[PDB]
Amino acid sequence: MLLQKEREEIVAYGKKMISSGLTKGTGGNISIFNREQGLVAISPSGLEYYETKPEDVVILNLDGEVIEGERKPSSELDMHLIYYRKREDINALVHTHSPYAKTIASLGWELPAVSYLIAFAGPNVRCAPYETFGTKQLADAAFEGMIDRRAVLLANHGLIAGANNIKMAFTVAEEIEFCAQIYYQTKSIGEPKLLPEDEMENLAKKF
């Protein structure tokens, strides 16, 4: 099959999404870009992650046309494709429905520098205002909210994280969910101390 390495990685990390508590049911989705071929591997729509085999992963071109695979691709494919067209620094995307990130997103709040781990995404994580799932409007909002960042919150929906490879993309998703938990819990009982912008700059270097 085409993009065999990518296909296996998508199956592996999809199970890891369920396992890590980063999603419920068949929510969320994962993609990996093969920059040499201009091909995108993406999780299939509505399938259980532990029932998903490499053959079930769908291969698309950057026009969004199916090149290999009989499964329907993720309904959120437009939100994946835009990053592989309009930036060149992202080769893998992890979209989650994780509870603490979705909590902060459902308030419409940004995630500020509550932890040094925020630097996995940038100096902060923005919240993109609501757009209907599976639309080009959501794809545009997600991209715009993530400019010069590796993650963005999606209002009343979840989070998407991107990086140079799938290992780092998953790490950003997991560590930003953890940061959202800390922000949620601190705000429950007080006002968290935040790291200053020059330190976030410093941390960007050290990471």
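Each residue number is its position in the shown sequence, starting from 1.
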Query raised in the report: Mean CA B-factor: is it higher for 140-148 or for 45-53?
Result: 45-53
Query raised in the report: Do the C-alpha atoms of 176-184 or of 157-165 have the higher average B factor in the entry?
Result: 157-165
**Report entry** Cα B factor band for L194 (lowest, middle or highest third within the chain)
**Finding:** lowest
Report summary line: In terms of its chain's C-alpha B-factors, the third that includes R85 is the middle
Query raised in the report: How does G108 rank on Cα B-factor within its chain, lowest, middle or highest third?
Result: lowest
Report task. Grab the CA temperature factor for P99 from the record and place it in the lowest, middle or highest third of its chain. Result -> lowest
